[PDB]
Amino acid sequence: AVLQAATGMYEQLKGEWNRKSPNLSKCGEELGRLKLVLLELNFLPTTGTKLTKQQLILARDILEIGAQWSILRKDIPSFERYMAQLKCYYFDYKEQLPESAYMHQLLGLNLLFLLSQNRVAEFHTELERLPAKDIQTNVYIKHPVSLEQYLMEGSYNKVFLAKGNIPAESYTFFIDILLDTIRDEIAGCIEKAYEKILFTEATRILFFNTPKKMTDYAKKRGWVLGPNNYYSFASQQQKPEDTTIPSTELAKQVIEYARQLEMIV
Amino acid sequence: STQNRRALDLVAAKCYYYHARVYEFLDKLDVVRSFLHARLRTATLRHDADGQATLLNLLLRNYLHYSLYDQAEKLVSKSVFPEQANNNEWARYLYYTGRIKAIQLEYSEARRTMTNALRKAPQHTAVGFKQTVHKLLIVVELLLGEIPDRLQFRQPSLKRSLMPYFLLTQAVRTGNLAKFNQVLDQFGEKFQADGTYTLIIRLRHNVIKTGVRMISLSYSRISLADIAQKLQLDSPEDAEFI
Amino acid sequence: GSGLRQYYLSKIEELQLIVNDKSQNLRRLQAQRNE
Amino acid sequence: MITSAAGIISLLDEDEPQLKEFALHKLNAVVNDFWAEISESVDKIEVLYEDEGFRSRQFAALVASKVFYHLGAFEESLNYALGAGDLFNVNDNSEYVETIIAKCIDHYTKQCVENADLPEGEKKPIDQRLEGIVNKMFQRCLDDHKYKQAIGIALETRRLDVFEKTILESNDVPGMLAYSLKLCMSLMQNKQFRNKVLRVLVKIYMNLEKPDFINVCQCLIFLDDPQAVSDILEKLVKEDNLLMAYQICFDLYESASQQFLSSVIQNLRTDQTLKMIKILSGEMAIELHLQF
Amino acid sequence: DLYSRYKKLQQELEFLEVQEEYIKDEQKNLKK
Amino acid sequence: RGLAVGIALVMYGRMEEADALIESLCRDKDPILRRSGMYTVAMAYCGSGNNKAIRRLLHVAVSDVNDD
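Chains as they are written, first to last, in the authors' numbering: chain F, 86 to 350; chain D, 196 to 437; chain A, 17 to 51; chain B, 1 to 270, 320 to 341; chain Z, 39 to 70; chain V, 546 to 613.
Set out below in structure tokens:
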């Protein structure tokens, strides 16, 4: 009865969400009302045995839509909540549950989301849950992992190009958050690497379209603009400060040697 | 489980080790996880030094078999391994923790444990364990930017097993992307079947790192286009950010 | 039909491990003193 | 299965109380297997217990107690065990129930001992729930007829009331008294509270059907109460039981200080009383010792 | 007898601590 | 020598009530007064098995200026 009802309002959410212009409000209340129904129908079953497969198949679907619905309104806590439950339906009951068509696209969204929040330590762990074959094969998985290599190796130009070649239209959101981090990062590279750069020489480096977009970013970064359109980055004078001998640290260490030679008895 | 004897704790640890072995061949490894956790708390509360050490190793193997590296990191973060444990049980813990640290980008602490795991391994037996730790230590050493010891590739037992990693170390040493990629398209399946493919992928950034290091160490002033050619990058503008 | 019999045994076995450890440590030190 | 409880943990920050209540009922089924990650999310469990309006705030503490118990932080686990209240059923044979019980007794024993020497003004009032389980812990000994075990915690927790009740309720009153007396002098060292144990031991001894006046006087020498020893001796003659009074008299001189006896003589004066003086003064006792 | 065993063990542990502290004190003075 | 025995006997079986006198005697520069503190420890702790008193006696036995 309830299970036959359970698929009932799911199609109301499925039909509304699949519409070319879905509403975030009504789907939110529909999603908010949906999760309460799942709780009676063994939501997130513990040690899932051979129970009704319809509940397992259906419950994943709302989480799949809900995770995909979360980033439409661009909120972080909603995605973490839905994908946390979604990961349960992707690996735990997978011997019962059929391989979801959207499971690889949504998992890669989690991987790309982790890069946006700079939780790179968690990025590789969740990448471990995937089989090693689809890491280098599936497009939805290959794109986030390749971007991580570009980010760590410094290929900042390819990070911006990753926007054009995203596997799915769902991927666009987390790119925007990640791109803001890159812009501050690459500028940090310029201060320590470049002693001096020309004003529009940094346009393709910073991937700024409008030259005015440098001016507001310059004062935020506090970059001293020079008369020859030259940004002077003279800041290496703050060396590791070899000018000072760490006598206290040195005296502490050498004293400890005397302790290991005398305090033993 | 019903008994509460003290010297039985020494026998029970061996029974737990083989009780995970029967399910290892049964390929379930999930029903035993509840029993291991329940027995671990029983052993921990009784200050079962030998029993706690074996169950912690068995649990780490359980989590690592299903790629639950998050689960095993949490367990080692809270559980305290018995200091007065067997050397054969310490070696597994150092490897499992070392593999855990390797995935979590904690290479520096991973290398210490894996090196420690080799030291406490048996001197004449447990060859398969030595090969597994050697394979992971080579990658971690390459991931850390250090150099693998050439002697470990000379051993009769390790020569055949470490050969794909020997070619991988050679490619990383030259700091050339083309040489590193050639190893990947040739030994990719072996790395995957060895459980180390993920860490080799991260070596691409390290190959760039070492190649840049020799360029700066050898050239006082080098053109960016020449840097791209020497590192086999795509364009000088990409080498500019690198 | 036991009360704190398990609680007592847990307490007694707790002290036994410390007592055995300390007794072994003391015998180490006594030989050092005797030498 | 359920190899990750993060999705279950994700059901803790919603605004709907029913959603949080369901996850609490789900965390308990996996707290014995996945306590590691729940530890990192304990801060989201303890607020549920902290909030007064939450329906399952008692259940929230019980779940928080279990994850702390698995964590090893027993002091925090016991505090949340008391917060659960009736949901922490001590009759359960589970390892968690008996381990927290053991820690509850230890925390009560330390607190009672600390309060025992403390002045009445500075006596920190013990938690009512902590006393309730220990008092119910006391009762299981009596129901299981383990009187000797019950005597030990009573002395450890300095609870003379339960210490009174276990001797009287025990089938072998003389046996428990002999065993309790042996512990009071061989194991106890607080002196001030050791006297309290002997003080209540006098109350039992006077209240047997046939009072064992011999053991009272031996205990009274420790208490240093010459007035009490005079009173028992002075009523013995009024009760005609002069045979036992003579035996008390020799036992008094053999193992009591001269000052303690010299005081006793004064209350005894305030015929047969004279032979009482002759024994305690000691000149009779040496006469047999000299003659022997 | 459980409590007697527990207290007897307790005094044995405390006595062992006394013995180990005096043995450390004597080694300090035996070197002198 | 007579006083050293006499001082100890006054505080016989006094438990911790002789702690104040014991530290005063054991800290004295007079060797005999220090000997009285050891005797005072014995009489204040006759058969009590006080490991605190035993702790002090063993410390003095292995570390003291005077053999007496």
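From the three backbone atoms N, C-alpha and C, an ideal C-beta is built for every residue, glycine too.
In angstroms with no decimal places, state the Cα-to-Cα distance between B/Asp33 and B/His145. For the purposes of this step, residue 33 of chain B is taken as residue 33 along the fourth sequence, with counting starting at 1. For the purposes of this step, residue 145 of chain B is taken as residue 145 along the fourth sequence, with counting starting at 1. Their backbone Cα atoms lie some 37 Å apart in a straight line.
If you draw a straight line from the C-alpha of residue 78 of chain F to the C-alpha of D/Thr405, how long is it? Lying outside 86 to 350, the shown extent of chain F, residue 78 of chain F is not represented and no answer is given.
Are the beta-carbon atoms belonging to B/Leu160 and B/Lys196 less than 8 Å from one another? Along the fourth sequence, read from residue 1 onward, the residue named residue 160 of chain B stands at position 160. Along the fourth sequence, read from residue 1 onward, the residue named residue 196 of chain B stands at position 196. Cβ distance < 8 Å, so B/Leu160 and B/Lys196 count as in contact.
Chain-ordered chain B contacts of F/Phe176 [CB-CB under 7 Å]: Locating residue 176 of chain F in the first sequence gives position 91, where the first residue counts as 1. What F/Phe176 touches in chain B: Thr3.
For the stretch 199–215 of chain F and the stretch 259–269 of chain D, state whether three or more C-beta atom pairs, one from each stretch, are separated by less than 8 Å. yes
How many Å lie between B/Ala228 and B/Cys184 at the Cα? By 1-based counting over the fourth sequence, the position of residue 228 of chain B is 228. By 1-based counting over the fourth sequence, the position of residue 184 of chain B is 184. Going from the Cα of B/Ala228 to the Cα of B/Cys184 covers about 20 Å.
Determine the DSSP secondary structure at B/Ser263, reduced to helix, strand or coil. Position 263 of the fourth sequence, counting from 1, holds the residue named residue 263 of chain B. Looking at B/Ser263 - three-state DSSP - the assignment turns out to be helix.
I'd like to know if the stretch 40–47 of chain Z and the stretch 255–262 of chain B are in contact, where contact means that at least 3 CB-CB pairs between them fall below 8 Å. no
Minimum Cβ-Cβ distance from B/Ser10 to chain D less than 8 Å: If you number the fourth sequence from 1, residue 10 of chain B lands on position 10. No, B/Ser10 lies away from the interface with chain D (no Cβ there is under 8 Å from its Cβ).
Would you please state the rounded distance, in angstroms, between the beta carbons of B/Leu201 and B/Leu233? I believe it to be under 8 Å. The sequence position of residue 201 of chain B within the fourth sequence is 201, counting from 1. The sequence position of residue 233 of chain B within the fourth sequence is 233, counting from 1. At roughly 19 Å, the Cβ-Cβ gap does not stay under 8 Å, so B/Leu201 and B/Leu233 are not in contact.
With a Cβ-Cβ cutoff of 8 Å, do F/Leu199 and F/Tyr256 count as a contact? Working through the first sequence from its first residue, we reach residue 199 of chain F at position 114. Working through the first sequence from its first residue, we reach residue 256 of chain F at position 171. No; because the gap between Cβ atoms is not below 8 Å, this pair is not in contact.
Should the stretch 337–346 of chain F be called in touch with the stretch 202–209 of chain D, which here means at least 3 C-beta pairs below 8 Å? no
Can you tell me whether F/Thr295 is buried or exposed, with buried defined as 16 or more other CB within 10 angstroms of its CB? Residue numbering aside, residue 295 of chain F sits at position 210 when the first sequence is read from its first letter. Under this definition F/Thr295 is an exposed residue.
So that I know if they touch, is there some Cβ in chain B lying closer than 8 Å to that of A/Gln22? Counting from 1 along the third sequence, the entry for residue 22 of chain A is found at position 6. Closer than 8 Å to some Cβ of chain B, the Cβ of A/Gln22 qualifies, so yes.
Looking at the secondary structure, which residues open and close the beta strand (DSSP E) in which F/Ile282 lies? On the first sequence, position 197 is the one that residue 282 of chain F refers to. Where F/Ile282 is concerned, the enclosing beta strand (DSSP E) stretches over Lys281 to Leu283.
Beta-carbon proximity of B/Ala84 to B/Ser56, cut-off 8 Å: Mapped onto the fourth sequence, residue 84 of chain B falls at position 84. Mapped onto the fourth sequence, residue 56 of chain B falls at position 56. Against a cut-off of 8 Å, the Cβ pair of B/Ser56 and B/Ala84 comes out as no contact.
Here's the rule I'm using: 16 or more other beta-carbon atoms within 10 Å means buried, otherwise exposed. How should D/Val378 be labelled? Reading the second sequence from its first residue, position 183 is the one you call residue 378 of chain D. D/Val378 should be labelled buried.
Listed from N- to C-terminal order along the chain, which residues in the stretch 31–45 of chain A have their beta-carbon within a distance smaller than 9 Å of any beta-carbon of chain D? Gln32 and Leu33
Span of the alpha helix (DSSP H) around D/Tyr212: Stepping through the second sequence from its first residue, residue 212 of chain D is reached at position 17. Looking at the DSSP string, the run of the alpha helix (DSSP H) that includes D/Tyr212 is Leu203 to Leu221.
First through last residue of the beta strand (DSSP E) which encompasses F/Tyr316: Against the first sequence, residue 316 of chain F aligns to sequence position 231. From DSSP, the beta strand (DSSP E) with F/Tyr316 extends over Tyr315 to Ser317.
Would D/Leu250 pass as an interface residue toward chain B - the criterion being a Cβ-Cβ separation below 8 Å? As a working note, residue 250 of chain D is residue 55 in the second sequence. D/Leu250 does not count as touching chain B.
DSSP on F/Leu182, reduced to helix/strand/coil? By one-based count along the first sequence, residue 182 of chain F stands at place 97. Here F/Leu182 sits in coil by DSSP.
I'd like to know if Z/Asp39 contacts chain V, where contact means its C-beta is closer than 8 Å to some C-beta of that chain. Stepping through the fifth sequence from its first residue, residue 39 of chain Z is reached at position 1. False, the Cβ-Cβ gap to chain V never drops below 8 Å.
On the DSSP bridge list, what partners appear for F/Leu310? Here residue 310 of chain F corresponds to residue number 225 of the first sequence, with the count starting at 1. Answer is F/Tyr316, bridged to F/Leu310.
Using only the alpha-carbon positions, how far apart do F/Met299 and F/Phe293 sit? Within the first sequence, numbered from 1, the residue matching residue 299 of chain F stands at position 214. Within the first sequence, numbered from 1, the residue matching residue 293 of chain F stands at position 208. Their backbone Cα atoms lie some 7 Å apart in a straight line.
When the cut-off is 8 Å and only beta carbons count, does D/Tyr218 lie next to chain F? Reading the second sequence from its first residue, position 23 is the one you call residue 218 of chain D. Output row for D/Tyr218: interface = no.
Taking the C-alpha atoms as reference points, what is the distance between B/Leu220 and A/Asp37? Looking up residue 220 of chain B in the fourth sequence gives position 220. Looking up residue 37 of chain A in the third sequence gives position 21. Computed Cα separation, rounded: 42 Å.
Can you give me the Cβ contacts of B/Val67 inside the same chain, cut-off strictly under 7 Å, excluding the 5 residues immediately before and after it? Taking the fourth sequence and counting its residues from 1, the one referred to as residue 67 of chain B is at position 67. Closer than 7 Å at the Cβ level, and outside the excluded window around B/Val67, lie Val31, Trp35, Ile38, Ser39 and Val42.
Along chain D, in chain order, which residues have C-beta atoms closer than 9 Å to that of B/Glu75? As a working mapping, residue 75 of chain B is identified with position 75 in the fourth sequence. Near B/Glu75 there are no residues of chain D at all, since even the closest Cβ is about 15 Å away, more than 9 Å.
Could you name the residues of chain B that Z/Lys45 contacts, counting a contact when the two beta carbons are closer than 7 Å? Here residue 45 of chain Z is taken as the residue at index 7 of the fifth sequence, counted from 1. Here the neighbours are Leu187.
Answer with yes or no whether the minimum CB distance from D/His400 to chain A is below 8 Å. On the second sequence, residue 400 of chain D is found 205 positions in, with the first residue counted as 1. No, D/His400 does not count as interfacial toward chain A.
Using the three-state DSSP reduction, which class does B/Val90 fall into: helix, strand or coil? Position 90 of the fourth sequence holds residue 90 of chain B. Of the three classes helix, strand and coil, the one that applies to B/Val90 here is coil, per DSSP.
Can you name the residues of chain A whose CB is closer than 8 Å to the CB of B/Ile151? For the purposes of this step, residue 151 of chain B is identified with residue 151 of the fourth sequence, where counting begins at 1. In chain order: nothing, as chain A lies at least about 11 Å away.
Determine, for D/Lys296, whether the minimum Cβ-Cβ distance to residues of chain B falls below 8 Å. To locate residue 296 of chain D, count along the second sequence from 1; it is residue 101. Chain B contact via Cβ: absent.
Measure the C-alpha to C-alpha separation of F/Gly307 and D/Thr393 and round it to an integer number of angstroms. Translated into positions along the first sequence, residue 307 of chain F becomes position 222. Translated into positions along the second sequence, residue 393 of chain D becomes position 198. Rounded to the nearest angstrom, the two C-alpha atoms are 40 Å apart.
Chain V beta carbons: is any one of them nearer than 8 Å to that of Z/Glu64? As a position in the fifth sequence, residue 64 of chain Z is number 26, starting the count at 1. At least one chain V Cβ lies under 8 Å of Z/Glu64.
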